[PDB]
């Protein structure tokens, strides 16, 4: 048990936006109606809540020390124990990446036991939408098998606590594992197992009939492609195939049916072209009702095919091939932004085992649900209430206008007039990945933002409702940068540190740019003073040096303070942060080096001894009129990692979260000038989460 020190009870909720990232799997529990789980590649897992019609994040106890476990390569249930759920966790398998873990729960994901593995888990690498790689033996639940992408097949006999390599399985890159539950009776190890591996020479699909002791290549399987996913029904093994593990680059594929008892193969592909197949679901109560989804059929768009006669005929559900006309109806009322995307990366699709007319499928930006597959045409709902997977690279909270503005990976800039409803206009700036956003303190209608295609930046004069792109950008710019722009308090001057170019300044809203003088390093995250439009700040985490401009960004000088340094790969922990309403009041985070505070425009700084480590800091409305703004800190205080608030200028802190609300990897944190106690947190793959004191 961790020590439960003094804290204020807070309520944490996602800013409602909807989806935004790659959901990599959905699992209906076959023996409890209403029990459904979903896995993602960078945002943990979810459990459906029918009572509140929303998804519940079940991995927010992951923290900065094990945030890689937010990558869910596989999720598995136990058909004979509805309270159990397992997860195969990890993001990358490269040499610089750590090992993965198996997480086991006996309370439907409310709490987890973490079992670290000796192998790396690629929950955010190629083929992450294949699966499921983790399986519970459907007849003897103490047995689990785990397919990995770099270390072959592993078996557990103690419900995932310990894992042993199955040395008899030679291939090392596994796509999925699937049990044939009819091959044994309850209480005995299931004898028939199929494993699909990444191999396009005709040796992707393997079969065992002795519980995994011996293995053999399935004769007659297709060549030039790999087995992607499988379903078993009525003695048939239905397998989707593609010439790439996905989610991209599939230019060939098929759907085949394998008769388990005699080894016969029948091609039941609905159509063939320069694309593959992956998603497949056989109706758990009707083996002749099957759905399959194309993969990387980019033009006109991906297709979902439905059969009710076991693949003899297929009906296209999404669009009509005869004239490429869309026929399915898509309801994005819950998240109007999502209409800028078309369903793609449909690597998983599942029919409800308790209603054959209900199904769901995943995309690269959220979950879609159909409640009547028998309708002609079908209607699909963007069903992602509570499911937030966006990466907020930067967020700002102006004191007037919108409550929040977000610069999101992949999806663009958002303007949030309400925290409990997705923005009615959708995306505010449709530019894809946006890495920076700032507003002018004294004129918060003036907002600037950066992105990753030329001219890499844009500005707004009406609080982000309308935008226009920069007429020019600094020479050599290859990207907008990360938290790399600052606009003066009066809105007349912009300092920009883009990728591939030296830090520059503009006096004409981006119509022309001039390189900043003084020798300040490039690629820093620049900060504007909230009062004095001639003062800008730029912190160098590697040298531990603060740079200050007193001439509106024309030139910078290096302050004498020797801050604790940080390695280049940890430079995200170094930042300088100016306080609204207080000229020259800046706070500097140095990661494990602590938190420093300057009240003379950076001329000198003092260590905040109450803070052990500081990763990001924000400021909000003071508790009483005339008091110092409330300080919101993500870091370590007295050995406790979490989120803290100080109401006395940084001398004492109150923890405003608990160990179940750490959210994995927090990118930054902001307060709110209009509401005391309100705290905005940007978390990797978990969108923006805001916290308020819980009413007593």
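Residue numbers count along the first chain shown, from 1.
- The question of which stretch, 623-631 or 655-663, has the higher mean Cα B factor is settled in favour of 623-631.
- Per the PDB record, of the two stretches 268-276 and 563-571, 563-571 carries the greater mean B-factor over its C-alpha atoms.
- Across 307, 149, 322, 303, the greatest Cα temperature factor reported in the deposited entry is at 322.
- The maximum CA B-factor among the listed residues 238, 299, 86, 337, taken from the PDB record, is found at 299.
- Among the modelled residues of its chain, residue 642 has a C-alpha B-factor that falls in the lowest third, as given in the PDB entry.
- Residue-level temperature factors show residue 205 in the lowest third of its chain, judged at the C-alpha atom.
- In the deposited entry, the Cα temperature factor of residue 180 sits in the middle third of values across the chain's modelled residues.
- Residue 38: CA B factor in the lowest third of modelled residues in this chain (values from the PDB entry).
- When the modelled residues of the chain are ordered by their C-alpha B factor, residue 56 lands in the lowest third.
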